[PDB]
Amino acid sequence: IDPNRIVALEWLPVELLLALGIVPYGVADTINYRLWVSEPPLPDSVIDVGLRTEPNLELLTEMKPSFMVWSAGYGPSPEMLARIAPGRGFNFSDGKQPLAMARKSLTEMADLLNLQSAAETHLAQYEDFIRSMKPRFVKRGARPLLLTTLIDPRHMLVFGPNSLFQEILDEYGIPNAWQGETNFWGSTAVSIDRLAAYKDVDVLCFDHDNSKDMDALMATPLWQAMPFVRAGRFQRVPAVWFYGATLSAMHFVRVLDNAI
């Protein structure tokens, strides 16, 4: 109800709020939100309420949030959270199309806050931006694309058909190189060797203040032996949140455009 006393316990609803012009009263893990999501800027005034997986329950109670928002099936139990203050959990996807859900979640949030018009204006901006950038990729053919991020020297996260990015790749005619298994959120962790299978594809790897790991990884003979690496198709790019919504999707497009 009070638009200035909303606490977002997970980054997905943080993005939904910012899209509607709401300044979050409190946000979980602002530090990492700044380096994993980055693009949508969070003012310094925002109170940090702890890790998304272990929010400072004491601080939350002291704060007396007007409403709390979080991600479905992630973090603290909703039954327990509901004991602190009114709230709503948002879905990232239906297991297949995250962006379709993003548009629904944004509408949902806007209805709760009576910012229906603001939602419509943002959604128009979103669809127009996506469509306007389509010609920037008419040059490339059917060469598939592999989207990844380094978890640790021994494991790479890869994003599949049900990831946030797929809908955009489909609109731009870019095949997704990963057609293997994925988790609900569209990703899966694989050993570095599993990446050697991809002989001629473009590979983007989202940085997240992990130059030390990328160095160790890129120093192994295996990495140097990677066909797409030797072919000069590997590229490190700025961080883009892969479990976000429309803002993350637009940020992806900007990063995508700059890369290919």
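So that there is no doubt, residue numbering starts at 1 and follows the sequence shown.
Checked against the record, the higher mean CA B factor of 34-42 and 206-214 lies with 34-42.
Set 44-52 against 195-203 and average the Cα temperature factors; 195-203 ends up higher. Out of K104, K96, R136, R88, it is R136 whose C-alpha atom has the highest B-factor in the PDB entry.
Taking the deposited Cα B-factors for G73, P144, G180, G186, the highest one is held by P144. When the modelled residues of the chain are ordered by C-alpha B-factor, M80 sits in the highest third. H122: CA B factor lies in the lowest third for its chain, per the PDB record. When the modelled residues of the chain are ordered by C-alpha B-factor, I151 sits in the highest third. When the modelled residues of the chain are ordered by C-alpha B-factor, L256 sits in the middle third. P65: CA B factor in the middle third of modelled residues in this chain (values from the PDB entry).
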